[PDB]
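Residue numbers (PDB author numbering), protein chains in the order written: chain A, 1 to 116; chain A', 1 to 116; chain A'', 1 to 116. A prime marks a further copy of an entry chain. By construction, the Cβ of each residue, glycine as well, lies at the ideal position given by its N, Cα and C atoms. In what follows, a structure is listed as structure tokens, so that the remarks can point back to it.
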Amino acid sequence: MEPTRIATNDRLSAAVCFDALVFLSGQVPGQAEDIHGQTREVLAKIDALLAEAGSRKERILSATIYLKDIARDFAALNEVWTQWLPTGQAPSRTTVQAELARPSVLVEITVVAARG
Amino acid sequence: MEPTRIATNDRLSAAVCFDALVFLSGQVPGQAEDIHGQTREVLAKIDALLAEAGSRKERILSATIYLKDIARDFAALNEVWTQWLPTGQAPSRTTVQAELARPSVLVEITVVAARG
Amino acid sequence: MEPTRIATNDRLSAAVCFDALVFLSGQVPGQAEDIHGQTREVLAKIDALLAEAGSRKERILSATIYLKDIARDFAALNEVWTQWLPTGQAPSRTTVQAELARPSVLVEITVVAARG
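Shown next, in the form of structure tokens:
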């Protein structure tokens, strides 16, 4: 059994599958500048990668949520996050403050999920 | 095979099990204000979640330890951590500095463990 | 099935294996003081731990890359990283800013990999 990959470049693959596990690269926003829009864009990108890798939102196992300013943006993050999640099926989660690769990025989320 | 969950709310589940793996949400302290007490409270909460999920301390696979002030609190963290761990059975570990969701939180720990 | 461990001390094991998974402790540099040298030293240590644990670079599933100064060092990190990776086989990746246990440490990397 060897890992399979989705959207591979010289630095990373957007997803790596092995056994029944899906490992996603941390996903960053599109063009939104605000925390609400950026969180929507991150979660939408995760949604698509899960689909490509044979998983789905109900089968997320863990998410690390990185916020550039956790005090300022935690409430907005939770608002978009809880609406995005399938009811009653929230994953394990860790939310911490960290600067991301670009200063305009307010939120980045790293997901591990189950294939199925 | 579908994931099972423990202590699910609208934002997260305290634990998600899949296959023989246990994914715990990052655990934060109780009411302690000092690094020693907070680390004890975090590890005790992890201890209970492992028990609920069919694991135990000897079967931890990985721990990310987030410290609000790694320079100040690293030694105290290690003191409580090494005493809490079963002898000779320490897991893989990563210790980094990050602000947590509340400024009074000095330590948060995210564990993945093996069911058994 | 119980976890097995490599290079266990009172705080951590350099590697923990379970099922077909390898969990590595975050690896820190040797004596280099510059970002290029430190990244080389980190990746070399990861390379050896994978070998000891029955894995290899082509079977990395995920890497969290912590940089002390992501704005300053991201380009240098990517330069060493992309050269170190086997062609076409990059893993899932997340790169964030975090202070490490010593102020002289500029980079720390935490890998999960597949045994095989």
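Counted as a single uninterrupted DSSP element, the beta strand (DSSP E) harbouring residue 97 of chain A occupies residues 92-97.
Interface criterion met: the Cβ of residue 13 of chain A'' is under 9 Å from a Cβ in chain A'.
Counted as a single uninterrupted DSSP element, the stretch harbouring residue 76 of chain A'' is not any beta strand (DSSP E) but the alpha helix (DSSP H) occupying residues 70-84. Residue 73 of chain A'' counts as buried, since at least 16 other C-beta atoms from the protein chains shown sit within 10 angstroms of its C-beta.
With 16 or more other Cβ atoms inside 10 Å of its own Cβ, residue 3 of chain A' counts as buried.
Spanning the alpha carbons of residue 106 of chain A and residue 69 of chain A requires a straight line of approximately 7 Å.
Considering only A':8, A':11, A':104 and A':81, the residue with the shortest C-alpha distance to residue 39 of chain A' is A':81. In this structure, residue 28 of chain A and residue 113 of chain A do not form a Cβ contact; the two beta carbons are roughly 18 Å apart against a cut-off of 8 Å.
For residue 107 of chain A, the uninterrupted beta strand (DSSP E) run begins and ends at 107-114, by DSSP.
Here residue 22 of chain A'' carries a strand assignment [DSSP, helix/strand/coil]. Excluding its 5 nearest sequence neighbours in each direction, residue 94 of chain A' has C-beta neighbours in its own chain below 6 Å: 64, listed in chain order. For residue 63 of chain A, no alpha helix (DSSP H) segment is defined; the enclosing uninterrupted segment is the beta strand (DSSP E) at 60-67. Counting the other Cβ atoms within 10 Å of the Cβ of residue 104 of chain A'' gives fewer than 16, which makes it exposed. For the region 14-27 of chain A', residues whose beta-carbon sits nearer than 7 Å to a beta-carbon of chain A comprise 15, 16, 18, 19, 23, 24, 25 and 26. Sixteen is the threshold: since fewer than 16 other Cβ atoms of the shown chains lie within 10 Å of the Cβ of residue 88 of chain A'', the residue is exposed. In chain order, 67 and 70 place their CB closer than 6 Å to the CB of residue 97 of chain A, counting only its own chain and leaving out the 5 sequence neighbours on each side.
Residue 56 of chain A carries a coil assignment under DSSP once its states are collapsed to helix, strand and coil. Within chain A, 58, 59, 114 and 116 have C-beta atoms less than 9 Å from the C-beta of residue 2 of chain A', given in sequence order.
Listed as beta-bridge partners of residue 27 of chain A' by DSSP are A':109. In the structure shown, residue 5 of chain A' adopts extended strand secondary structure according to DSSP, grouped into three states.
Bridge pairing for residue 15 of chain A'': A'':6 and A'':24 [DSSP]. A Cβ-Cβ contact shorter than 9 Å links residue 91 of chain A'' with residue 61 of chain A''. A distance below 8 Å between beta-carbons, with the five flanking residues on each side excluded, links residue 77 of chain A'' to the following residues of its chain, in chain order: 35, 39, 65, 67, 95 and 107. Contact check for residue 17 of chain A and residue 53 of chain A: beta-carbon distance about 5 Å, within the 8 Å limit, so the pair qualifies. For the region 76-99 of chain A'', the set of positions with a beta-carbon nearer than 7 Å to some beta-carbon of chain A' reads 98 and 99 in chain order. Residue 26 of chain A'' counts as buried, since no fewer than 16 other beta carbons sit within 10 angstroms of its beta carbon.
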